[PDB]
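Q: my complex, first installment, coordinates as in the assembly:
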Amino acid sequence: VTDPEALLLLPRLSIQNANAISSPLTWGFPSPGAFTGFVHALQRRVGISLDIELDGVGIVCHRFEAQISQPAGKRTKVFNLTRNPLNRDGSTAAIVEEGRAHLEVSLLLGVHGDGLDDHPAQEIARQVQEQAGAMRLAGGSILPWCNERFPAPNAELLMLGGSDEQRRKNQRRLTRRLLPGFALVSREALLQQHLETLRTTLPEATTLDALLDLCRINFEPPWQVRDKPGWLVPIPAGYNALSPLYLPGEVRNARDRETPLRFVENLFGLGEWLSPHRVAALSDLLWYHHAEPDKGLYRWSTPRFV
Amino acid sequence: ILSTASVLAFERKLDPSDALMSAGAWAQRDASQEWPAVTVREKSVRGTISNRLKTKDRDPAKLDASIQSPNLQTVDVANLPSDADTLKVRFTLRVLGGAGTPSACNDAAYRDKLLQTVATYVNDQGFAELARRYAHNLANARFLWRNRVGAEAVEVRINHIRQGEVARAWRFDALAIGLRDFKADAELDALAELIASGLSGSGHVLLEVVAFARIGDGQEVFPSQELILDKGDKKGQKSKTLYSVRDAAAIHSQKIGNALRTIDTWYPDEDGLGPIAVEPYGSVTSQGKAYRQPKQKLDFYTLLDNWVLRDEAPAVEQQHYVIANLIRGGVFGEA
């Protein structure tokens, strides 16, 4: 969509029990839809008051730790669960496996609007930080950095630079700040061209199979592993329609009766974990919302990446 | 007619973090920011059979053949160092606020009726009985679950954290504040007004809770234990796994939350237990028995329906319990 007028940096945010179950096919880091919905919840809660439009999100993930455990004698992993309460008779309830993970991410969220000129930059930065302190990011509480050495503050970098050199200079200053992490971007063109080459190899190939080929460490005979460009992962890239769009007060047991509902299903794209100084433009690497509601296809990606 | 909403969901207010445990010596507790962490390590246990036998394993030949084959595990154990007698358990707690507003509600008529009922309660009697009990469960170190039962002296330090620095510091003797009497004190009531202003306001109030306990040199501490199904197949594995965030033993946040919610002294069965955790159909996991059964009119759901739908306001203790469930959270709703 539209380009950001400024680039706010929420600092290293600790999330204690995020949803490690991203999707029915992927586990690990939470879905980027969690971060885009979080930024839209931030806009819904302070962006209408500071007259700004917080839009887009850059995911950095300084550290990650899934609450998993590899069982004895297996190559796979399982999830450490919680003990839910008993039922009304004292019987143990049926265990529903939820993944939990401890994250330390920082969010490069793009901000544009008329509120940039009305308030100081540090003022709106402190406002959205004090709002995000009372929120949750993927089902996990945001730990607010109390009584450590020093709180990591904000810096709203203005994307409009007086030069190209000043723009690259404070961009390099920001990239040094979010440097111990690993930026997550949407790489769907590489998945599409990998589909084309794999279809050239053997026809009627799905890009589900191209995704699966880009995930696995496949071996080749002369033995040599297939090289992979970068840290290629599968991500859930939004939802696809399974149902016609129902009326607000038509579907039974919705969340609300003023919003149209539609039964949907995940869409598994591809993402790439790269170091944040590779991109040379932090105006990119932001995850936006692309609905196109008449067709379905509610999805998120990083447009203007390459 | 004002029927019950089909999707009800309240977010968890009183959100704690994972209680990191570290260890050092008492009477240098004020320099306890570089105390080394209590680490979870492995040890082999070997036991004889001590369970009850099922009356077909009571043949003395079968018993003597059984006790010649012991049963070997490798448990996780967390001990203090041999030159450190104090366990420092340190977690943070966000008191969020907006305690009555549901995160999801279907019927807007039911939503406004619930907001009117909650505001009727708050304007009538604010969060002053509830936050007093939450300040008690922060004050006595009940979140020290088994690390409290044999301690010589437990001291809890609670620091209100403003934008980057401490705004107000408390200090309690957690053994004097009992585990069953919600009495009155000046500092406890100051903490109660702080948690009340947290739960009533729009923004969050953040507290840092530190608890020290003199256990003894090298004694065993009890971090949270992990619930893992599928322990493994056809090998030897661990029977007991302890929680540890980053090579540092820890209590789960939901165990700290269950300790903080242990305020319910109003369940109709006698208080041989004392306070229990605030839950709909209030069910103690260790007891295995669910008090506040729906057979009596004293669980959460029927009290909420009588309070909101047909305006049958219950006793002040029971509506304390109902608003304590609303602070607790939950996912409610029928088909």
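A: Ah, there it is. Numbers count the residues shown, from 1 in each chain, chains lettered A, B, ... in the order given.
Q: just the strands in the stretch 201-335 of chain B please.
A: Assigned by DSSP state E, counting those that start in this stretch, the stretch 201-335 of chain B shows strands spanning B:205-214, B:220-221, B:250-251, B:262-264, B:276-277, B:330-332.
Q: what domains does the record give for chain A?
A: Per curated CATH domains, the structural domains of chain A span A:4-181, A:182-302.
Q: Among the strands of the stretch 201-335 of chain B, which comes closest to chain A?
A: Taking C-beta to the nearest C-beta, strand B:205-214 is the member of the strands of the stretch 201-335 of chain B nearest to chain A, at 4.8 Å. Where you see a C-beta, it was placed from the backbone N, CA and C, and this is true even at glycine.
Q: quick check, the closest one touching chain A?
A: Yes: residues of strand B:205-214 contacting chain A under C-beta under 8 Å from any C-beta of the partner chain: B:206, B:208.
Q: Output that strand as PDB, restricted to C-alpha atoms.
A: Backbone C-alpha positions of strand B:205-214 (Å, rounded to 0.1, in the frame of the first residue of the first chain) are rendered in PDB as follows:
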ATOM      1  CA  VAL B 205       0.200  -0.900  36.600                       C
ATOM      2  CA  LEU B 206       3.400  -2.900  36.700                       C
ATOM      3  CA  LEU B 207       4.900  -4.500  39.900                       C
ATOM      4  CA  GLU B 208       8.100  -6.300  40.400                       C
ATOM      5  CA  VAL B 209       7.800  -9.000  43.000                       C
ATOM      6  CA  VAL B 210      10.900 -10.500  44.600                       C
ATOM      7  CA  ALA B 211      10.800 -13.100  47.300                       C
ATOM      8  CA  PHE B 212      13.600 -14.400  49.400                       C
ATOM      9  CA  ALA B 213      13.400 -17.600  51.500                       C
ATOM     10  CA  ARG B 214      16.000 -19.100  53.900                       C
END
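Q: helices and strands around it, which ones?
A: Where contact means 3 or more C-beta pairs under 8 Å, 6 or more residues apart in numbering or on different chains; DSSP states H and E, strand B:205-214 is packed against strand B:86-95, strand B:154-161, helix B:186-200.
Q: Using TSV, lay out the strands of the stretch 201-335 of chain B together with mean neighbour count.
A: As requested, the strands of the stretch 201-335 of chain B are arranged in TSV below (neighbours: other C-beta atoms under 10 Å in any protein chain shown):
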stretch	mean neighbour count
strand B:205-214	24
strand B:220-221	17
strand B:250-251	26
strand B:262-264	24
strand B:276-277	22
strand B:330-332	15
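Q: Quick check: residues of the stretch 201-335 of chain B near chain A?
A: Residues of the stretch 201-335 of chain B lying near chain A (C-beta under 8 Å from any C-beta): B:203-204, B:206, B:208, B:226-238, B:241, B:243, B:245-246, B:252-254, B:279, B:281, B:283, B:285, B:288-290, B:293-294, B:299, B:333, B:335.
Q: one more chain, chain C:
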Amino acid sequence: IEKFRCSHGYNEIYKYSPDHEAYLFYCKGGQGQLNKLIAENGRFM
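A: Take a look at chain C, now in place beside the chains above:
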């Protein structure tokens, strides 16, 4: 010599290992998981 031993109060299934002469921890569960494991693997080694 029994292949599985349920520790009854503690909800643990111990499977006999032949290398060392002892039982080792197999999985959690009670009498139902014990009987199901007996049906799958057969008792008495």
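Q: So residue B:105 sits against residue B:4, correct?
A: No: with contact defined as C-beta atoms under 8 Å, residue B:105 does not reach residue B:4; the gap is 10.3 Å.
Q: of those two, who's got more company?
A: Set residue B:105 next to residue B:4 and count neighbours by other C-beta atoms under 10 Å in any protein chain shown: residue B:105 wins out with 22 against 16.
Q: Would you mind measuring from the nearest residue in space to the more buried one that is not next to it in sequence to residue B:154?
A: Nearest residue to residue B:105, sequence neighbours excluded (C-beta to C-beta, 6 or more residues apart in numbering or on different chains): residue B:111, at 4.2 Å. Relative to residue B:154, residue B:111 is positioned 43 Å away (C-beta to C-beta, to the nearest Å).
Q: picking that back up, quick one: contacts for the residue nearest to residue B:105?
A: B:5, B:102, B:105 (C-beta atoms under 8 Å, 6 or more residues apart in numbering or on different chains).
Q: what's the second one sitting at in phi/psi?
A: With angles defined as degrees, to the nearest 10, residue B:102 sits at phi -70, psi 150.
Q: Now do the contacts for it.
A: Residues in contact with residue B:102, defined by C-beta under 8 Å, 6+ apart, are B:8, B:9, B:10, B:111, B:114.
Q: Contact partners for residue 25?
A: Since you didn't name a chain, this refers to chain A. A:234, A:236, A:266, A:268.
Q: Chain C is the one I meant
A: Counting by C-beta under 8 Å, 6+ apart, residue C:25 touches B:71, B:72, B:73, B:74, B:231, B:236, B:237, B:238, B:239, C:12, C:13, C:14.
Q: Among these, list the two that are farthest apart in space.
A: B:74 and C:13 (15.8 Å; C-beta to C-beta).
Q: Which one of these two is surrounded by more residues?
A: A count of neighbours by other C-beta under 10 Å puts residue C:13 above the other of residue B:74 and residue C:13, at 21 against 16.
Q: a strand runs through that one, doesn't it?
A: Yes: the assignment for residue C:13 (DSSP: H, G, I helix; E, B strand; the rest coil) places it in a strand.
Q: Report the contact partners of it.
A: C:4, C:5, C:6, C:7, C:25, C:26, C:27, C:28, C:29, C:33, C:34, C:37.
Q: Now do the buried residues in the host helix or strand of the last one.
A: For residue C:37, the element it lies in under DSSP states H and E is helix C:31-41. Residues of helix C:31-41 classed as buried: C:33, C:34, C:37 (neighbour count, 16 or more other C-beta atoms under 10 Å in any protein chain shown).
Q: that older thread, kindly present the contacts of residue B:102 as TSV, with separate columns for secondary structure and distance to residue A:98.
A: What follows is the contacts of residue B:102, written out as TSV (DSSP: H, G, I helix; E, B strand; the rest coil; distance: C-beta to C-beta, whole Å):
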residue	secondary structure	distance to residue A:98
B:8	strand	20
B:9	strand	16
B:10	strand	18
B:111	helix	27
B:114	helix	27
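Q: could you also fit chain D onto it:
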Amino acid sequence: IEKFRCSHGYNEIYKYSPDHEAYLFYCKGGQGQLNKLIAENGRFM
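A: Okay, chain D now, added to the rest:
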């Protein structure tokens, strides 16, 4: 030029190194470990 050399009475496997022109001590073992290492790495460098 052979990649492995078993010293037969002394139960030592010597693997050829190319930097210095000599064999160096690889591991212990006899003809079976030598044949297994030949099957894994291939002889004749």
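Q: Once more for the contacts of residue C:25, now including chain D?
A: Going by C-beta under 8 Å, 6+ apart, the list of residues near residue C:25 reads B:71, B:72, B:73, B:74, B:231, B:236, B:237, B:238, B:239, C:12, C:13, C:14.
Q: for residue 2, helix, strand, or coil?
A: Since you didn't name a chain, this refers to chain A. Recorded secondary structure, residue A:2: coil (three-state DSSP).
Q: Number of residues surrounding it?
A: 10.
Q: Could you measure from it over to chain C?
A: The gap separating residue A:2 from chain C is 55 Å, by C-beta to the nearest C-beta, to the nearest Å.
Q: Who does the closest residue to that residue other than its chain neighbours form a beta bridge with?
A: Distances taken as C-beta to C-beta, 6+ apart place residue A:112 nearest to residue A:2, at 6.7 Å, with adjacent residues excluded. Counting by DSSP bridges, residue A:112 is bridged to residue A:53.
Q: how many neighbours does residue A:112 have?
A: With other C-beta under 10 Å as criterion, residue A:112 counts 18.
Q: can you tell me which of the contacts of residue C:25 lies nearest to residue B:175?
A: Minimum distance to residue B:175 across these is 32.7 Å, recorded for residue B:239 (C-beta to C-beta).
Q: Can you give me the neighbour number for the closest one?
A: Around residue B:239 there are 22 residues (other C-beta under 10 Å).
Q: again, but for the one 5 residues further on
A: Around residue B:244 sit 22 other residues, with neighbours defined as other C-beta under 10 Å.
Q: same thing with residue B:14?
A: Per other C-beta under 10 Å, the neighbour tally for residue B:14 reads 26.
Q: so it makes contact with residue B:259?
A: No: with contact defined as C-beta under 8 Å, residue B:14 and residue B:259 do not form a contacting pair (10.8 Å).
Q: Give me the common contacts of these two.
A: By C-beta under 8 Å, 6+ apart, no residue touches both residue B:14 and residue B:259.
Q: gap between the nearest residue to residue B:291 once chain neighbours are set aside and chain C?
A: Setting aside the residues directly before and after it, residue B:291 is nearest to residue B:267 in space (C-beta to C-beta, 6+ apart), at 4.6 Å. Computed as C-beta to the nearest C-beta, the residue B:267 to chain C distance reads 28 Å.
Q: go on, residue B:24?
A: Distance from residue B:24 to chain C, by C-beta to the nearest C-beta: 34 Å.
Q: Would you mind naming the residues that bridge with that residue?
A: Note on residue B:24: beta-bridge partners by DSSP bridges are residue B:86.
Q: Might you enumerate the residues of the stretch 201-335 of chain B proximal to chain C?
A: B:229, B:230, B:231, B:232, B:236, B:237, B:238, B:239.
Q: Out of those residues, which end up buried?
A: Buried among these (16+ other C-beta under 10 Å): B:231, B:232, B:236, B:237, B:238, B:239.
Q: Nice, that's everything, thank you.
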